[PDB]
Amino acid sequence: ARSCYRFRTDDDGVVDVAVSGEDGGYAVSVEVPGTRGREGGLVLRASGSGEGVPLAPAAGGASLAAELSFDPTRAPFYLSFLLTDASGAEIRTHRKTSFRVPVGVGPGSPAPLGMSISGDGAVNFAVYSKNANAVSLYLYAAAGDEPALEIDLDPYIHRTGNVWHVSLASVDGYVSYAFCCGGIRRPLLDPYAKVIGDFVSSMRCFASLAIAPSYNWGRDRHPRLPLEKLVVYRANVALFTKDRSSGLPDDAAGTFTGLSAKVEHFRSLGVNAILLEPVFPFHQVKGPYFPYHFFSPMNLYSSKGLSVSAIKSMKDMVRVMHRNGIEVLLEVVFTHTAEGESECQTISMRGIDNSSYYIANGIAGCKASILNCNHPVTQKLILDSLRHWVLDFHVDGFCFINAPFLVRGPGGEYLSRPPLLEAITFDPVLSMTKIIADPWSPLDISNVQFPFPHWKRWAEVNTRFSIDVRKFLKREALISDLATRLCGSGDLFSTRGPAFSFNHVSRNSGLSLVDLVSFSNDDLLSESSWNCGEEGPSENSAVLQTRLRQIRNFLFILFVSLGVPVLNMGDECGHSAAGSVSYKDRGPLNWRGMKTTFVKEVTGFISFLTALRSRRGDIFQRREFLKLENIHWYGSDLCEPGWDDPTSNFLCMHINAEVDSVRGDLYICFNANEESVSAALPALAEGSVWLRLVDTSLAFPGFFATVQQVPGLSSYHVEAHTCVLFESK
Amino acid sequence: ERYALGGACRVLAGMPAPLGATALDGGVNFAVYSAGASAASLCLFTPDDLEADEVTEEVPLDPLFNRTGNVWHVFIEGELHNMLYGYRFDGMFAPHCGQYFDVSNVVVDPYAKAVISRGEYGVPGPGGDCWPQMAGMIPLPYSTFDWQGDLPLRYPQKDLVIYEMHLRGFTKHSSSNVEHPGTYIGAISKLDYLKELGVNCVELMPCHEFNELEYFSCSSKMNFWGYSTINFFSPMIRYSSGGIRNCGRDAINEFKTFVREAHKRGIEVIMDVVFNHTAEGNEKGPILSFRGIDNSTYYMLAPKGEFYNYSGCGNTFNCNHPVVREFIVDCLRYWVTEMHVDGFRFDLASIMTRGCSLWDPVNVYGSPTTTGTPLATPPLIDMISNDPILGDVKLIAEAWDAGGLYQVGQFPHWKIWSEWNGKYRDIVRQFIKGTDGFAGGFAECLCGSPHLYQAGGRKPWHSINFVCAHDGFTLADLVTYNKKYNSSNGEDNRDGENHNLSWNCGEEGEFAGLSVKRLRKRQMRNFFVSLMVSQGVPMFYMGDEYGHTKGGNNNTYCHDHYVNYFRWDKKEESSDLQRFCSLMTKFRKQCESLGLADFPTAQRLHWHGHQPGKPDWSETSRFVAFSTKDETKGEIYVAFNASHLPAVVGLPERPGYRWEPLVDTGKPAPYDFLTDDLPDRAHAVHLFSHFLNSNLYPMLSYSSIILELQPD
Ligand SMILES: OC[C@@H]1O[C@@H](O[C@@H]2[C@@H](O)[C@H](O)[C@H](O[C@@H]3[C@@H](O)[C@H](O)[C@H](O[C@H]4[C@H](O)[C@@H](O)[C@@H](O[C@H]5[C@H](O)[C@@H](O)[C@@H](O[C@H]6[C@H](O)[C@@H](O)[C@@H](O[C@H]7[C@H](O)[C@@H](O)[C@@H](O)O[C@@H]7CO)O[C@@H]6CO)O[C@@H]5CO)O[C@@H]4CO)O[C@H]3CO)O[C@H]2CO)[C@@H](O)[C@H](O)[C@H]1O
Ligand SMILES: OC[C@H]1O[C@H](O[C@H]2[C@H](O)[C@@H](O)[C@@H](O[C@H]3[C@H](O)[C@@H](O)[C@@H](O)O[C@@H]3CO)O[C@@H]2CO)[C@H](O)[C@@H](O)[C@@H]1O
Ligand SMILES: OC[C@H]1O[C@H](O[C@H]2[C@H](O)[C@@H](O)[C@@H](O[C@H]3[C@H](O)[C@@H](O)[C@@H](O)O[C@@H]3CO)O[C@@H]2CO)[C@H](O)[C@@H](O)[C@@H]1O
Ligand SMILES: OC[C@H]1O[C@H](O)[C@H](O)[C@@H](O)[C@@H]1O
Ligand SMILES: OC[C@H]1O[C@H](O)[C@H](O)[C@@H](O)[C@@H]1O
Ligand SMILES: OC[C@H]1O[C@H](O)[C@H](O)[C@@H](O)[C@@H]1O
Ligand SMILES: OC[C@H]1O[C@H](O)[C@H](O)[C@@H](O)[C@@H]1O
Ligand SMILES: OC[C@H]1O[C@H](O)[C@H](O)[C@@H](O)[C@@H]1O
Ligand SMILES: OC[C@H]1O[C@H](O)[C@H](O)[C@@H](O)[C@@H]1O
Ligand SMILES: OC[C@H]1O[C@H](O)[C@H](O)[C@@H](O)[C@@H]1O
């Protein structure tokens with residue numbers, strides 16, 4: 001139990017200082033080897049005091065030496081001294097400094113970044129800070145307000161390059177730690193901390209010194225579901241079950257345990273992938289989309305309200321989902337944080353080194369700190385975070401919010417070769433996880449429409465799908481747009497496939513399904529919504545019937561298009577937002593509605609559509625676009641539709657089931673017109689008759705038949721605002 | 001449930017990081033990246049079995065439990081430190097597509113810390129096999145080296161004098177009188193000589209693992225310099241006296257020991273790393289580590305599977321691929337944290353600026369910048385410059401390659417990277433030899449090349465000034481031969497720089513008249529003076545301090561004999577030049593105005609000609625003189641007369657002061673440099689006092705002088 005420090009002197013010599021802890025004080029043995037430069041003996045002026053402890057010949061006269069002792073129970077300190085030869089001349093380090101050594105704390109190691117436990121039991125701390133030239137470690141014990149212990153780090157011993165580091169014999173009696181950088185006494189949160197404390201707003205958080213217990217994953221295995229056979233369901237951990245109607249105990253609602261308790265509800269809809277909203281720790285004021293930390297889940301989502309309980313609960317939820325065959329996808333915000341320009345907002349890395357982690361003055365019209373995503377240090381932080389969330393929490397994929405922002409360089413420019421995205425795409429550990437680019441940004445600055453790079457690996461959320469479907473149902477779009485979106489949006493995913501198009505008609509933000517058919521005013525023109533004849537809720541029977549038909553049409557288009565349908569939380573049960581387009585106004589999910597006939601219809605229709613997708617995997621769950629010989633476009637009576645005619649809001653798809661076991665053709669009619677229209681069914685071989693499976697103008701018993709039979713070349717009468725699906729048998 | 005070593009050892013899943021064998025929890029965790037491999041197995045050898053080229057044990061890897069993403073991994077409980085390991089990968093063999101998988105090959109992990117193939121330098125394997133089976137060393141659960149409190153010197157780079165040295169050649173000659181010639185330990189007993197020579201930094205020529213017999217099977221040549229690396233995490237085990245003892249661990253420790261001793265004597269260590277290519281060569285070369293794991297990832301390939309050749313050595317390392325970037329940064333961090341290296345010099349560093357094929361619009365966006373195109377902000381150099389650890393070490397770059405890319409003054413630097421100033425070399429070689437139109441360029445060289453480094457935000461000490469290196473003429477050959485003599489290399493004298501900018505000082509060859517020999521001595525001292533008075537970091541190759549000669553051969557990469565050895569017996573014969581060089585280095589150290597942290601300003605530095613204040617910058621000028629204010633010397637006047645004519649140069653008029661001679665390369669030794677150790681220094685000064693009293697100095701042709709302003 002000792003530590004050596006070999007100081008190079010300024011007179012071509014060496015000074016070896018060995019610090020050994022006592023079984024309680026400390027013993028510091030100074031040894032000057034060599035000769036010539038010290039001809040005549042020298043004295044150890046410890047801080048230049050009236051003492052000096054003259055060095056006596058210790059080894060054969062070649063090695064002069066002295067020994068000092070320091071009392072026990074003394075907090076870590078620094079022994080600073082000079083050497084004076086027998087002529088009055090002083091002797092200093094080669095940096096023209098007084099030989100300074102630590103007592104009570106070892107040198108430490110530069111890796112791993114963060115807090116590590118060594119084989120002996122010593123706790124290693126390592127933190128990167130290029131801007132700072134003075135770093136100190138604060139250790140807080142159980143309540144503390146002020147540090148229970150403060151350890152300044154010597155810039156010469158406790159530093160390798162730009163990584164400050166220090167080892168401690170033990171941390172007994174201490175529960176958390178923090179870093180002070182530059183000289184400002186504000187504690188800082190270690191970026192690489194895996195366990196953290198509770199936020200306290202000036203802002204304050206401390207990394208816990210406890211190590212997360214080893215988690216027994218048992219036989220847990222990644223579902224590894226093919227991207228094509230994916231039906232996503234976005235969910236907010238808090239709002240999903242925090243309502244008392246969910247029937248969960250308090251402190252179990254709104255948590256990961258509550259999320260896992262509804263795996264049967266998830267399975268009932270045919271869902272096999274839940275897309276959680278950001279689970280990183282976040283400021284309560286700004287919301288989940290402004291994270292402070294990137295290595296643990298938020299403690300509000302744990303039953304006990306702690307970060308360790310949060311880790312355990314989230315791992316349990318992932319285990320339950322994996323054993324139930326459902327993948328877990330995390331929405332991750334790596335484009336900005338909740339930290340502020342001022343010193344009160346600074347918590348984690350705006351203080352440690354904000355020249356590396358953040359862009360100069362951020363961007364225009366945005367106070368939120370914009371991360372320097374393409375700076376190598378930030379690249380490493382983000383990549384380590386992703387690897388931690390994959391290897392540790394067994395996450396199946398990530399949906400990168402504000403993904404376009406990740407392509408911008410330090411100066412706010414647009415990089416032609418974004419290094420961070422390239423690193424993410426070709427990370428060996430992450431090669432099997434799904435990566436999805438989400439253009440929507442919580443900020444107030446829309447970036448640009450541009451060609452996000454994918455390497456045939458990135459999926460994308462297709463907002464164009466939402467806009468086009470909404471417009472078509474609103475009668476302000478050409479049928480060519482609906483044709484493009486139904487066939488997998490090949491204009492955008494030509495080189496990837498339909499499966500890489502994450503379709504959606506309603507998001508956590510904006511208007512919900514029941515709000516796209518009820519709320520349509522001047523301010524909501526951006527949502528491309530239609531009030532169906534009367535703004536706000538109403539009692540007009542015709543209007544309500546039209547709204548029900550519109551909801552059915554939205555779900556039908558979502559689940560019959562080529563791609564991955566992404567179902568927002570509450571869409572299945574009419575979770576109204578009261579006409580607000582802000583995600584912050586969304587509330588807890590009212591589960592009672594699950595016993596209604598309206599929600600019965602919605603959930604049954606969604607389940608039927610998912611079952612149709614599963615059964616006819618050769619049509620909807622394809623890795624490649626449908627051939628341009630098994631798709632035909634027809635109008636009122638088996639005729640060329642008016643692609644360029646804006647007034648024609650009717651269209652028909654005929655899909656030839658390529659029988660490369662027999663397969664049945666499909667015929668889908670979309671009618672957004674305010675008036676009915678005839679539909680001439682295609683021709684079928686002798687003995688085959690169309691089966692009317694979907695008709696959105698009927699009541700629940702018959703709305704989605706698993707059946708009515710129709711001979712070939714017949715003429716159906718599509719009612720206004722309806723979708724019809726037939727399948728040859 | 002599975003067991004590896006006849007049931008004794010247990011086999012678990014493991015974890016994918018860190019890559020390479022790692023001692024952990026009473027066992028060893030192996031992890032290796034391979035994207036194209038459909039199957040993989042871990043092959044364990046015992047040293048005797050590896051000698052026989054037989055696998056002691058083979059643990060197959062399940063693609064379900066022993067593969068996370070593109071990283072195969074497996075954990076084995078037990079005491080495996082005394083065995084060696086490799087991998088056997090099964091995939092597609094398709095040279096046209098860039099795949100080379102073959103189960104008959106056992107490959108060495110790129111992250112292996114020691115590659116055990118042979119023990120003795122230049123001794124083939126059992127049967128003349130120059131390419132015997134190689135394996136990697138399995139780590140111990142603890143470190144077995146005492147650093148003795150070693151701390152990083154962190155000398156400011158302006159205070160560096162760099163000594164490029166070959167580890168084997170430094171002590172391999174019989175005249176070294178060391179216990180182990182040609183090893184790290186053998187070199188440890190000469191760091192005292194280096195310290196007394198004035199050096200405080202040693203640039204080791206490639207000490208990474210390499211095969212010295214790769215040129216030996218065909219032909220009968222050696223690979224002396226070692227610019228073809230097998231393993232990058234591993235030191236050369238044939239440069240250690242231990243050899244393959246304790247599975248190479250001893251060799252590792254030996255290298256560490258050398259470093260430690262260098263730091264005990266106040267000498268920083270800079271490793272010469274060669275990341276731009278590998279010993280595997282082109283498709284026709286051996287498959288050792290990278291080609292058998294992922295050729296399409298680790299190498300630059302044209303669309304038809306051909307190997308891009310920008311290094312000139314057969315293949316090009318895909319430096320800017322993300323995986324290769326991570327590998328290179330990890331290797332450098334390992335050499336800095338584990339082996340306590342102070343800096344790196346990158347061979348053909350410009351190859352690290354050329355982009356990879358991943359950004360071809362075919363791969364990204366699926367359909368229509370290309371492979372090998374130099375980049376403005378290469379990702380690898382960005383990762384090195386802004387690395388938490390590597391950002392604060394020396395980062396010297398040889399800014400060019402064999403593909404025609406030349407980036408001196410333009411290497412993407414982030415205001416961090418230094419460079420081998422080849423323009424300084426050319427300009428100084430051309431001025432000191434008497435060439436027209438190089439007075440202004442020479443003056444710029446003396447000032448740290450502000451026209452190259454000042455605009456970009458770099459300082460004078462980011463320029464690594466050098467006149468001679470391992471490749472090219474030595475300092476003595478630079479003044480003895482007009483043209484190269486490379487017939488011994490075997491390639492019909494087609495090797496090495498053809499534009500040497502050298503001058504035989506009259507007659508050619510080592511057999512010349514007395515006047516030519518004295519002129520050569522003058523020229524050697526002039527080169528050293530120019531190197532030691534310039535702003536920047538002076539770098540010189542080993543042997544230039546005593547006049548090492550390679551017989552006119554300016555490319556001796558394949559000679560394991562005395563032509564590349566430090567001649568300790570010939571050092572004593574030419575101890576006058578060694579004394580002059582040591583005194584010049586000490587003089588540079590003492591002067592406050594030579595190792596400047598910023599470019600010289602007109603306030604401190606004044607330019608003169610044959611008369612003060614009237615420099616001649618014309619194309620016919622061959623004289624450059626200046627005076628520099630000095631906080632310790634008062635003022636120093638330096639003058640170079642590269643003309644073939646003597647000149648009585650007037651000195652600046654400083655009322656109440658006199659110029660006292662210090663250095664004159666024309667004087668006979670020891671009067672070429674005046675020190676108090678000469679009992680008759682005062683008499684020597686008095687014999688020229690009649691010139692110095694009228695502010696004059698008589699200079700021979702091709703000679704330099706340094707004077708100090710003393711009160712009088
Ligand atoms: O970046 C460094 C740079 O240069 C420094 O100094 C240079 C230094 O790096 C080198 O020594 C350099 O030498 C080069 C070679 O590097 C390079 O090869 C070059 O050009 C040719 C060369 O003519 C051939 O090598 C050519 O084809 C060969 C393959 O490349 C090679 O892989 C070889 O592979 C194996 C071969 O199949 C086989 O013969 C085998 O040998 C035996 C085995 O025992 C076994 O197979 C048995 O069964 O039988 C065989 C014997 O038959 O081993 C071979 C490899 O070990 O196959 C081809 C040969 O047929 O490729 C290259 C293409 O470029 O030629 C020389 C020229 O010098 O030059 C130095 C210059 O200085 C520094 O100066 C500098 O600082 C630095 O920047
Ligand atoms: O340069 C002409 C000039 O000087 C002559 O003396 C010597 C030159 O000063 C000197 O440079 C050298 O010329 C050699 C070149 O430096 C070098 O490229 C070499 O490889 O070839 C040249 C010589 O072969 O040598 C000359 C003398 O030989 C000469 O004395 C003056 O009259 C003349 O004005
Ligand atoms: O004195 C400080 C000054 O020193 C250096 O400037 C000198 C140049 O190094 C040197 O080349 C020379 O420049 C002259 C050209 O050679 C000549 O062709 C002509 O056109 O005039 C030039 C300058 O007038 O002399 C200058 C000093 O006169 C150094 O480069 C500067 O950074 C530094 O400020
Ligand atoms: O989006 C569909 C449009 O393009 C198509 O290739 C067809 O010509 C027709 O369906 C329409 O013109
Ligand atoms: O098929 C309807 C349309 O879908 C697509 O967007 C393609 O352009 C083509 O398939 C057609 O124009
Ligand atoms: O990118 C391809 C586009 O046109 C094609 O012919 C496909 O049939 C369709 O799925 C897509 O719209
Ligand atoms: O899937 C059928 C495909 O055939 C086409 O020639 C193109 O590849 C694409 O436009 C189309 O989707
Ligand atoms: O390509 C031109 C340059 O190439 C090389 O790197 C040489 O070192 C240099 O002398 C030459 O001028
Ligand atoms: O100066 C070094 C010489 O050898 C190198 O390997 C370069 O490829 C060449 O350009 C240069 O002339
Ligand atoms: O032809 C092989 C040549 O390759 C390189 O570019 C070296 O600069 C040169 O010294 C060597 O002879």
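The analysis underlying the following values was restricted to heavy atoms, covering all of them including side chains, and did not include hydrogens, waters or symmetry mates. Below, chain A is the first sequence line, B the second, and so on; all start at residue 1.
Contacts with chain B were tallied for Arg95(A), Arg457(A), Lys130(A), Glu422(A); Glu422(A) has the most, counting heavy-atom pairs under 4.5 Å. Looking only at heavy-atom pairs under 4.5 Å with chain B, the residue among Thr433(A), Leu430(A), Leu391(A) that has the most is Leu391(A).
Contacts of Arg496(A) with chain B are absent, with no heavy-atom separation under 4.5 Å from either backbone or side chain. Residue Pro418(A) touches chain B through both its backbone and its side chain, counting heavy-atom pairs closer than 4.5 Å. With a threshold of 4.5 angstrom between heavy atoms, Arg159(A) approaches chain B through its backbone and through its side chain.
Distance alone, capped at 3.5 Å, places no donor-acceptor pair between the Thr68(B) side chain and the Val429(A) backbone.
At a heavy-atom separation below 4.5 angstrom, chain B is approached by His375(A), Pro376(A), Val377(A), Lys380(A) within residues 375-385 of chain A.
For the atom pair CG (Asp16(A)) and CD (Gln148(B)), the distance works out to 7.5 Å, reported to the nearest 0.5 Å. Distance check, rounded to the nearest 0.5 Å: OG1 of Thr425(A) to CG of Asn363(B) gives 11.5 Å.
Under the ring pair (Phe, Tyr, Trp, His ring centres under 6.0 Å) criterion, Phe290(B) pairs with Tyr298(B), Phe317(B), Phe327(B), sequence neighbours left out. With sequence neighbours left out, the salt bridge (charged side-chain N to carboxylate O under 4.0 Å, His left out) criterion links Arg8(A) to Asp12(A). Applying the ring pair (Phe, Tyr, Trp, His ring centres under 6.0 Å) test to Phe625(A) and every residue at least two apart in sequence or in another chain returns nothing.
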